[PDB]
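Protein chains in written order, with the deposited numbering: chain Xn, 427 to 568; chain Xw, 6 to 286; chain Ue, 2 to 14; chain Xr, 166 to 221, 255 to 330, 345 to 417, 468 to 713; chain XD, 122 to 215; chain AC, 307 to 404, 464 to 598; chain As, 262 to 391.
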Amino acid sequence: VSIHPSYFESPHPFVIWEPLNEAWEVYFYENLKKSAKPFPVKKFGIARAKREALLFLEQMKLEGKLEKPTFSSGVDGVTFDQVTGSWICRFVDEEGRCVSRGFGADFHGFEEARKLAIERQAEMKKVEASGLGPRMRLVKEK
Amino acid sequence: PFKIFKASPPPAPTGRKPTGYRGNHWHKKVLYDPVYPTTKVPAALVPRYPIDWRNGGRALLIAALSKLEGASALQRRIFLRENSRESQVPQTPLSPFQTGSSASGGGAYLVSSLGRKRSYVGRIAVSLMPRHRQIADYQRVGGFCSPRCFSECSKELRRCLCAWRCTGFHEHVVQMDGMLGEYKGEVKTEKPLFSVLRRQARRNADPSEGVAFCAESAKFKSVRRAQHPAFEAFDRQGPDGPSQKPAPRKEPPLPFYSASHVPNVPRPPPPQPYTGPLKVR
Amino acid sequence: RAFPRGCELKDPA
Amino acid sequence: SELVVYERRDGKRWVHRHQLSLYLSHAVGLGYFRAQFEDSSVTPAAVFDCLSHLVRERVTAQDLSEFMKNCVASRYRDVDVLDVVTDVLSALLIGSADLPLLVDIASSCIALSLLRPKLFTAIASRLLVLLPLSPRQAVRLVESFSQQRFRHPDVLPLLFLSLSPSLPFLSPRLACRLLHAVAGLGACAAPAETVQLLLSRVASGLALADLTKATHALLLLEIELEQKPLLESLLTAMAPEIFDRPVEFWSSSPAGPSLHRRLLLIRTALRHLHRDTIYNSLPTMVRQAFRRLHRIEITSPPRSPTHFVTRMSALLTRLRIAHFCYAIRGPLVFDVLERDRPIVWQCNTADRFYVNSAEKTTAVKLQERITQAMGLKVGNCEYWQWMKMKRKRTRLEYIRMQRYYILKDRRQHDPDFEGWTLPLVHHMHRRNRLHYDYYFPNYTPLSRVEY
Amino acid sequence: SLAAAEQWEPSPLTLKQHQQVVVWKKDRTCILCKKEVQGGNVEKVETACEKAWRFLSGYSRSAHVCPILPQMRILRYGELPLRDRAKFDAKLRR
Amino acid sequence: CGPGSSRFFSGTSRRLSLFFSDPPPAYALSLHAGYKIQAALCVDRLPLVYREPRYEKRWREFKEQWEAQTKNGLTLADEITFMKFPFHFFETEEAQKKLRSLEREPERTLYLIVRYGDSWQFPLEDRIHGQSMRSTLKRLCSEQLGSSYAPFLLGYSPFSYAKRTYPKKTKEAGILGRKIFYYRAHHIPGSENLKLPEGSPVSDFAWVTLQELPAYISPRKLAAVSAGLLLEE
Amino acid sequence: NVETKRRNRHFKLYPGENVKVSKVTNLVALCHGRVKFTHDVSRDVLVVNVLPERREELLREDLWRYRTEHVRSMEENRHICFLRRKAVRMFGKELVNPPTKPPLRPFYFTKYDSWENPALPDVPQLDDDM
RNA sequence: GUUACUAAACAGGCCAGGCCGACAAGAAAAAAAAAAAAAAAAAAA
RNA sequence: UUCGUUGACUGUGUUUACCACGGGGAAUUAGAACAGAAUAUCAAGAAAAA
RNA sequence: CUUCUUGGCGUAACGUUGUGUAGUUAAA
Ligand code: FES
Ligand code: FES
C-alpha cells in the first residue's frame, strides 16, 4: 500500500509500533508487573488499529494502570531487586568491606524476605558499630 | 607432475551403531537440536586402519622431533595464539596480584585462565600432544615461527634453532608478522564449531569513485557517464522500493514447455543467515 | 495488602 | 593468637605492644613479613618494630596514626598490613581520639586510597560526640568522606553547618576543593545554596590542578550546560598553563599522569556530550591545548583484575561472545568490550556505589554518559545481583536475557520492571530452560545473532 | 621501560609472591601413596607430591602418575587470599 | 606536517603530481569521499646479529646443569646420533682431543625512508582506479626505488592509515585531500640495495633506526607510523 | 527424504516457556497455566509455551494474551511471555470466579464426571500455583 | 483465543526385531575453520 | 587433560497426560512432600593517591 | 544470599498371564 511515514510515529511513550508483527503495542502496569497489549493491523486495519491502541491507552490512564509500581522498606540500604526477585540488604562485613545479602522472595515470602533482610542488616550494623575487628576482645579496667 | 588430473578421494566411512536401521539419522539439523537430537557414533566403531609405520612410526618420529624442540616451545606458541586472539585492542597493564605493585601479567590470557579456572596440568597435557590431529598439526605448523613462516619450515633441518633461541624481540617480530599475514575474511564451513569465531573485518559503506582531469574546465570529473538519477540510484543502492519484478530471462526461450512457475519444494526451507561482513558505523 | 506465600511456608515444618 | 583491647576509667583505650606484634604477625604471615624485611630470622615479637623501622609497652591511636603518616611518607602501600592496622585503629579510636587526630587519620586514608567503611563509621561516631573544627579540617573531613563514598546522614550536615558561616570568606582554592568533594558526594549531600556559593567564590577567584578539579566538579554535577561562562573562563585560564608547562611534565612528574587523565576526561566529555553546544565554540587556544594534550600517550599503573570481570569474561566465552577485557578508549577503561557489537559490559563492584546505597557514584554516572554518547550501549551487572545468582547456569541465563534487553531494536520501552525468571533464584520447574546447553541455530555465535 | 624490564631484579617479596603452591579441590586418599588430603588445604609444590611434581615440571608423559593429580589446583602464593595465606603461612615458609 | 609545494619542490612534474596533482596525471585517479587513495611502503631491515636475554640464558644453562646432576636429561644414543649423512657435523670433545648501507648498525632495526625534495617520508604512490593496492605498491617499488628492488610484503592488509586535507585553493580543484594506507615490507637479506631509476621522483634515500626517525620525519608522520613500527628502545 | 516431503507430520514443534521435551520428543507442560503458541521467523518453526496462571474464569477481554505471535529469538519469546502473562507468583492476583469444588474423579472410576458440582462442599485450591 | 488429527483397497512400494558396564551411561571440561601450500597417516575434543 | 563416578540407587505417598479393556508400556509432571545412601559442582578474592 | 548433576542408552523397547527359579511373614 501507499502510506505516509507519519503513521508510524506514536504520540505517547507507552504506545509503540512493533514492525515485526506490524502491531501497535500499548504498555501498562497490572498486579505489580509490566504488561503490553498488541493491536494488530491484520485484525483492525491500518488506521483503526492505531485508533484502538490510543483508546486502550486512555482506558488504562483512567484505570490508573500507567503508574509505576514501587517497592520500599523504609530502611536505608534495604531494597528490592527485580533481576533476582530478592530483598537486598547492604552492610559492612567482618573484613571491613561493603557487602550485601539477598533474600529470595519466591522462597521466603515477600514480607518474610524483607524482614529477614532488615534483621540481618541490623545485626551486622550492631557488630560493625561495636568497632572490634576479627579475634578481638574488649576489657574494661577501673 | 605438479599439474595432474587429480582424483576426488573417496569419502571416509563414518561408523554407526548397529541399530535404528529403519530411520533417517542424517537430518541436516545443528547439534544440539532439542527436538532433533543427533545419533552419536561411538569412537570404538569408527573404522580405522591397523597401526603400521605409515601411521605409527611417523607419529613417533614427529613426537621425537617435538621432544627435541621442547614442549615449552609448543606451550609458548599456544599461549601466544590464545592471547593474540583476545588482545586485539589496547588493554590496561594487568598484574597477577592485588598488591605486587611491580609484577606484570603478560596478557589477557591471565583474565581468561582465571575466569575459566583452566587446568595448569591441562595445558601441559595439551602441549604433550596425545592426539592424532595434534601430531598432524605439529607436523604441519610445528615450527615456532609459524605465524610468520607458515609451513615453509615443516622440512627444514635447522628448525629447532627457532624453538631454542627465538625469544624477546624475535618473538615480537613473529607476532607482528603474523598479525599482518593472517586471514581476516569470512570462514565458510558446514562443520560444527563451538569456540569463539575468529574476527571478520567490517567493510566500509562507500566505494571509490574514478576521477579523470578535464582541461576544458580545469577540474577533475567522474569517469562514469551521467545516466538518469533514478538509474544511478538503482545501480548504487539496489532495486529501490519494497517489491519489483524478477530478473528478466537471459537465455533464449526454450522450444519445449516447462512448468517454471512451480517452486522447487512443496515446503521451502527456512531462510539462511547472512554470514558475510558487517557494515562500518 | 496480603501477599502469596513462598515455597518455604508450604513445607511440613 | 588473639588481641585484647583495654579501656580505662577516662575512656582511653590501648593494647600491649607485644600482643599487637603477635596479632599482626599471625594475621598477615611471618613469611610475608620476613620477605618484606629481607631477613629470615625476624621473630613474631619484633614484627611491629621492624615495620616501624621500615616506614621511618602500650600502643595507641596516636601511635597507629603516626604509623600511617610514615607509611604515606615512605610510599608504603601494602594492603594486607594496612588493613590489619586499620582494623586495630578502628577498635582503638572509640573515646580516645582528638579532632586533629581524626583529621590526620582521614587524610592518611585518602592518601593511601583505602576504603574502610568501619573505620570511617567509628570516626563519624567519635566526631558526633566531639563537636556539639577549623574550615581546613572540615574540608579535609568532607574530602575524606567523599573519597570513601560514605554519604553519612549525621556528620555531613554537621560539617556543612560548621562551614556555613565561612562560605562567603573561603579562599578560591578551598572553595574549589570543597566543590570537588561536594560533586563527588552528589548535589543532594549539601544544602541547595552551597553549590551556588562555591561557584561564585571560584568565579571571584588558582593553579592548573585547582582549575581542572573545578571543571571535573562541573561535569560531575551536570551543570556544565548551565555554567557555560564559568566553564569557558576555567578553560581559558587553564590553556596558557597547559602550553607553558613542558612536555615531560605529563609523563615523568609524579602529578603528571593523573592531571593528564583528568584533562583528557574533560576533553572527552566536552567532545562527545556538548560538541555543538560548547566544544566547537571554544577558543582556538583552548582547542590547541587540548590537541597538544591528546597527542601525548597516557600511562596507566598496573592493576589486578577483578574476579567479577573475570567470571563475566569466562561466561561470555562459553556463550561464544567475542569481547575484550579492560579495553582503553581515551581516558576511559571498559571492564569488558564486545568485538562484534557496540556494547560495553560493566561489572560494577561495591566501590562504584555510595556506602549502603543503590545509587551509582557521580564518576560512574559520568563515565556511563560518555560511553552512551560515544555510541556504545552499556550493560550493567550489579555486584549484589552477581553474588545472589552465584551459579554458572543462573548467570548464563542472566547474560542471555540482559544482552537481548540491551541489544533489542524493537519493543523499546523503559528497561526497568522487565521480567526475570532465573534458575534456582525464582521458582520454576527444574527442566525449564531458556539456554539449552551448546545449542546454536545454524552454529551462529551469539556475537552474530540478530535480536 | 624495556631496558628496566630486562634488567629487573626481583625482590624477595616478589619472589615469595611468585612462589608456586598446590590448593586441594577436594578430600581424597592416594591409592598407591596413601596420602590423606582435605579440600581447601594449601601445600608447597616441591613437597606436596614428587610424582605429581614430575608432570608439573616436565619429566613425565603420563597425567595419571599421581592418582589424585586432577584434584590439584596450582596457584602462585601472591594470588591466595589473605585468610588462606595467614592460615597456611607456617607450611609455606620454605 | 608541512608538505607545502615550496618545501616539496618547484619546476618538476612527477614529484608534484603525487602530492598536489597540479600537473594532472595521465591515468584515472581513485577518490574515496573526495580524498585520493595512496599506498605507502615501509620497508624494514631486521638486525643482522642475534642478542639473547640474560634470564633466558641463565634458565637454559641452569636447566642443563640441573639435568646433568640429577641424571634426568635426554638419552641421545649413539645409534641415533651417528648415521653418516652429508650434513653430519657432530663429534665428541673426547674424539676432538684424540646512511645508505644495509650493514649499518647491525644490532638494531632499520627503516627505509625516502626524501621527496626537502621532505623525508616513506615511499608513496597513487592508486589508479580499478587496480589493486598490491599492484600500486609494485609500481611504486619498480618506478621510484629500483627496477630490481622487490622487498617481501608482509600481507595484503594495511597496518595503518592517515588523512590529509588540502588547503582551500587546492581543494577547489575537486579533490579534497589524500588518504594514505601504509604497508610493511622486509628487505630480504643478501639482496641489492636501491638504485633510483632515471626520472624517479625520489631525491635520496636513507636507512634510519627508530631513534633517528624523529630527527628526519615529521612528528605527525611518526605518530601515524609508530603504532605499526616494531618496538625497540 | 524429509526436505522433499509435504505432509505436516514431518515438521516438529519446539518447546518454549515452561515446556519440556520427552524421550520420543513429545512437548509436555511443566506448570499450571494456559497454553500459548509462537512463530519463530528465524527458524520458521512453531513454539509451544505455557503462561503460568491459577485456575479462574477465562474472560473475553483476556483472550489476546494467548494469540499466536511472531518472534525472532527465544529471548524475545520469553520477553513476550512475560509481557502477556497475567501476574507473578510472588504477588499473585485477585482471582475472578476461581473454582471451589474438588477436581474431577479418576478416569477408571468415571469418565464423565461433573465440573464444579454445586452439591459438593467447597475445598481449598492449593495446587494450581505450583 | 485458535486450522491442527486423519493411508481404505491382494492400491503404489520399506523393514536389519539387532548395539552399549562404557574413548557407546556420564558430572566438570573440551570440541570440528575460506582459498592456497606442505604431508599422502581415512583423524575435533 | 591422558580428568571423576556408578542415580543403569533402596523405600513411604493411589494423585496425573492418553484411553473399549489389558501393557500409566512409542515409552506423561520435581505427584515440587517424606525417610536413607552416593556422585559431581562451591562462593569470596572490593579499594593502585597528590 | 535454600539447593549449578544425577535413578541409563535405545529412529525394533526386552513375549502378557501361567509354570519353574527366586523374594516375604518377631507379621500378614
Ligand atoms: S620456525 Fe620458521 S623461521 Fe622459525
Ligand atoms: S599424593 Fe600420593 S602419589 Fe601423589
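Beta carbons: idealized from backbone N, C-alpha and C, even for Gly.
If you run the structure through DSSP and keep just helix, strand and coil, what is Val441/Xn? Residue state, collapsed to three classes: strand.
Does any CB atom of chain Xr fall closer than 7 Å to the CB of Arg121/Xw? yes
From which residue to which residue does the beta strand (DSSP E) around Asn618/Xr run? Neither: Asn618/Xr is in no beta strand (DSSP E) and is coded neither H nor E.
So with CB distances below 8 Å, who are the chain XD contacts of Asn378/AC? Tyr180
So that I know if they touch, is there some Cβ in chain AC lying closer than 7 Å to that of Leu136/XD? no
Would you say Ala184/XD touches ligand 3, meaning its beta carbon is less than 6 Å from a heavy atom? With respect to ligand 3, the structure offers nothing, as its ligand set consists of ligand 1 and ligand 2.
Which class does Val509/Xr belong to by DSSP, given the choice of helix, strand or coil? In the three-state reduction of the DSSP assignment, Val509/Xr falls in the coil class, being assigned neither a helical nor a strand state.
Could you pull out every residue in the same chain whose Cβ sits closer than 8 Å to the Cβ of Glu659/Xr, ignoring the five residues on either side in sequence? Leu684, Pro685, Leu696 and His697
Within 6 Å: the Cβ of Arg214/XD and any heavy atom of ligand 1? Answer for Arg214/XD: no, Cβ out of range of ligand 1.
CB of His522/Xr within 7 Å of CB of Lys475/Xr, strictly: It is not a contact, given that the beta carbons lie outside the stated cut-off.
Paired residues, beta bridge with residue 283/XD - DSSP: In the structure as shown, chain XD starts at 122 and stops at 215, and residue 283/XD therefore has no counterpart that could be examined.
Output the distance between the C-alpha atoms of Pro365/Xr and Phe357/Xr, rounded to the nearest integer angstrom. 11 Å
What are the residues of the stretch 579 to 597 of chain Xr that lie near chain XD, defined by any Cβ-Cβ distance shorter than 8 Å? none
Name the chain XD residues that come within less than 9 Å of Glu598/AC, Cβ to Cβ? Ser122, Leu123 and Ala124
Chain-ordered neighbours of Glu221/Xw on chain Xr, where CB pairs are closer than 7 Å: Within 7 Å Cβ-Cβ: nothing; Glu221/Xw doesn't reach chain Xr, min ~39 Å.
Where does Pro276/As land, buried or exposed, given buried means 16+ other C-beta within 10 angstroms? Here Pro276/As is buried. Its C-beta has 16 or more other C-beta atoms within 10 Å.
Following the continuous beta strand (DSSP E) through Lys494/Xn, name the residue where it begins and the one where it ends. Element bounds for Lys494/Xn: n/a, residue is neither H nor E.
If the cut-off is 9 Å on Cβ atoms, which residues from the stretch 476 to 496 of chain AC count as contacting chain Xw, listed in chain order? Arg492, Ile493, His494 and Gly495
With a CB to CB cut of under 6 Å and the five nearest residues on each side skipped, what residues in its chain are close to residue 603/Xn? What is shown of chain Xn runs 427 to 568, which leaves residue 603/Xn out entirely.
Separation of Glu494/Xr from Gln184/Xr, as counted between CA atoms: Taking C-alpha positions only, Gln184/Xr is separated from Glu494/Xr by approximately 59 Å.
Suppose only complete runs of 4+ residues qualify. What are the alpha helix (DSSP H) ranges in the stretch 504 to 562 of chain Xr, listed by chain order? 518 to 535 and 546 to 557
Pairwise C-alpha distance: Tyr541/Xr and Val178/Xw: Distance from the CA of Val178/Xw to the CA of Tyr541/Xr, rounded to the nearest whole angstrom, comes to 42 Å.
Using DSSP with H/G/I as helix, E/B as strand and the rest coil, what is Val414/Xr? The answer is helix: DSSP assigns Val414/Xr an H, G or I state.
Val158/XD versus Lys165/XD - alpha carbon distance: Roughly 13 Å separates the two Cα atoms.
Measuring only between beta-carbons, confirm whether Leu480/Xn sits less than 7 Å from chain Xr. no
Ligand 1 and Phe395/AC: does the residue's C-beta get closer than 6 Å to at least one heavy atom of that ligand? no
Between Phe261/Xw and chain AC, is the shortest Cβ-Cβ distance under 7 Å, so that the two count as touching? Not one chain AC Cβ lies under 7 Å of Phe261/Xw.
Are any of the Cβ atoms in chain XD nearer than 7 Å to that of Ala108/Xw? yes
Between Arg82/Xw, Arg90/Xw, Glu91/Xw and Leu119/Xw, which lies nearest to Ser100/Xw when the distance is taken from Cα to Cα? With distances taken between CA atoms, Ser100/Xw lies nearest to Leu119/Xw out of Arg82/Xw, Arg90/Xw, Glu91/Xw and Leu119/Xw.
For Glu237/Xw, report the span of its beta strand (DSSP E) as first-last. Element bounds for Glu237/Xw: not the beta strand (DSSP E) but the alpha helix (DSSP H), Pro234 to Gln242.
Any chance the stretch 520 to 538 of chain Xr sits against the stretch 563 to 580 of chain Xr, with 3 or more Cβ pairs inside 8 Å? no
Using 6 Å as the cut-off, classify the Cβ of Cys165/Xw as near or not near the heavy atoms of ligand 1, replying yes or no. no
If we define contact as Cβ-Cβ less than 7 Å, is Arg573/Xr a contact residue for chain Xw? yes
So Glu171/XD contacts chain AC; which residues on that side make the cut at Cβ distance below 8 Å? Ordered by position in chain AC, no residue passes the 8 Å Cβ test against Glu171/XD, which lies about 12 Å from the chain.
Determine whether the Cβ of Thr329/As lies closer than 7 Å to any Cβ atom of chain Xw. no
Could you tell me whether any Cβ in chain XD is nearer than 7 Å to the Cβ of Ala68/Xw? The beta carbon of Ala68/Xw does not come within 7 Å of any beta carbon belonging to chain XD, so the residue lies off that interface.
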